[PDB]
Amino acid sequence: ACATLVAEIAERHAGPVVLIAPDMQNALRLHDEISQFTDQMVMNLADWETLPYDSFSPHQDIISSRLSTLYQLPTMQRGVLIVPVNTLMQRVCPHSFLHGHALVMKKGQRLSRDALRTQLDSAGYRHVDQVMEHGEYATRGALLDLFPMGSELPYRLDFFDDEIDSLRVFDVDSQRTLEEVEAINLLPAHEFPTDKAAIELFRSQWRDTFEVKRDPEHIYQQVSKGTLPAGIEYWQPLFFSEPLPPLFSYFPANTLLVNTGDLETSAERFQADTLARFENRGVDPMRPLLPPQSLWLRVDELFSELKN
């Protein structure tokens, strides 16, 4: 009953409609249901699927989907955004990050293959033998394949005379290119910068926050050496000089929010869980944790945003 109604509300509303779902399963379900009932854009902001302060980093395919949504959100004048309540409570990278750290590659651009590799490494992409998943790139001869975050398919670039001669969508299974494109937009491989300037910032803010140990297993030591610990996402705030804003900061004018379910209890349950985890595991020699408010809106703050 939620689906058709949200489609109708969105159809007559001079702005995006944000459907706050009770959980991820419902959210995911509501995507195709609402999509089939409208000609307007329908997106989901996918949950990381990790537990708060998890010892796992979310799958790159989930990150690709989130980056695509966050990138499109500010200019989504019409349509629907579906977001689980616990996900909506999570703070995000500021939108200045995406439009500021995105790189554009165009046909005819003077740039060597190795120079592009350098940019890709600093943007968080992984060098592999064969591209197959979001966030990977492979190089061989004059060719460089990459799977841009937010893209449905990877691309194959041909460098001739140290110039990008062509950029072509490419089908992994058949190892063949499809259409040629004039340019591609390269977003970062994470919702946080990981270049050397970002690592220096991370180190500096970490020192102002936590103790440092030299054990190679310590988070600070791992990031300083250019690696990204499993679950590093829960220290996302340290990669930015300003606090992480609410997702609400990405909503365009006239955004209407619709609630489906018992958001209060769900919201309080999640807050209680993140708080228990922080209290029980926050003081740790190798992975000390940031307080919940560095990463999540408080339940009272959520409802305030819902009434503003």
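Numbers for residues come from their place in the sequence shown, where the first is 1.
143-151 and 98-106 differ in mean CA B-factor, and the higher of the two is recorded for 98-106. As recorded in the PDB entry, 128-136 is the stretch of 128-136 and 115-123 with the greater mean C-alpha temperature factor.
The PDB entry gives the largest Cα B-factor of the residues 156, 218, 207, 225 to 225.
In the deposited coordinates, the residue among 203, 78, 190, 213 with the greatest CA B-factor is 213.
For residue 299, the recorded CA temperature factor ranks within the highest third of the chain's modelled residues. Sort the chain's modelled residues by C-alpha temperature factor and residue 288 lands in the lowest third, per the entry. Placement of the Cα temperature factor of residue 66 within the chain: lowest third of the modelled residues, per the deposited record. In the deposited entry, the Cα temperature factor of residue 27 places it in the middle third of its chain's modelled residues. In the deposited entry, the Cα temperature factor of residue 33 places it in the middle third of its chain's modelled residues.
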